[PDB]
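[1] pasting an experimental structure, sequence included:
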Amino acid sequence: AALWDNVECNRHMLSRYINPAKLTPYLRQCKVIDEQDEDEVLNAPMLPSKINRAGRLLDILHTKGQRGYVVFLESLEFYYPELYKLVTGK
């Protein structure tokens, strides 16, 4: 609830700048989302606005407990270093 605050207060940058497809293979491999979660994220319409493109992914991760939080953070550390620093305040 408070741990997730780090993601939620940065949800705007995360929702725009994450390309979900880059993250899902690692998230799935770590078992924090499944094939169907990935489907929902990958099959979502490609809109003119990218502002909410990773919105669905975040909302799914929000339901995945501290494991989800920690694995998501490492996925940012791997793939989106500036976003990782944003979330962790470093």
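    Okay, I see it. Numbers count the residues shown, from 1 in each chain.

[2] and the gap between residue 36 and residue 42?
    Taking C-beta to C-beta, to the nearest Å as the measure, residue 36 falls 11 Å from residue 42. From N, CA and C alone the C-beta is placed, and that goes for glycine too.

[3] now the residue most central in space within the chain, what's its secondary structure?
    What sits nearest the mean C-alpha location of the chain, by C-alpha atoms, centre = their mean, is residue 58, with 4.6 Å. Here residue 58 is helix, with the state taken from DSSP: H, G, I helix; E, B strand; the rest coil.

[4] so how far is residue 5 from the closest residue to residue 60 other than its chain neighbours?
    Once flanking residues are discounted, residue 60 sits nearest to residue 37: 5.4 Å by C-beta to C-beta, 6 or more residues apart in numbering. Taking C-beta to C-beta as the measure, residue 37 falls 23 Å from residue 5.

[5] residue 29: neighbouring residues, count only.
    Around residue 29 there are 10 other residues, counting by other C-beta atoms under 10 Å.

[6] could you do residue 42 as well?
    By other C-beta under 10 Å, neighbour count at residue 42 equals 12.

[7] what's the answer for the one 10 residues further on, then?
    Each residue near residue 52 was counted by other C-beta under 10 Å, and the total is 14.

[8] wait, it touches residue 15, no?
    Yes. Using C-beta atoms under 8 Å, residue 52 makes contact with residue 15 at a distance of 5.2 Å.

[9] mind giving me the packing neighbours of the strand or helix carrying residue 85?
    Element membership for residue 85, per DSSP states H and E: helix 81-88. Helices and strands touching helix 81-88, by 3 or more C-beta pairs under 8 Å, 6 or more residues apart in numbering; DSSP states H and E, are helix 5-8, helix 11-17, helix 65-79.

[10] any buried residues in that helix, and which?
    Counting neighbours by 16 or more other C-beta atoms under 10 Å, one finds that the buried residues in helix 81-88 are 83, 84, 86, 87.
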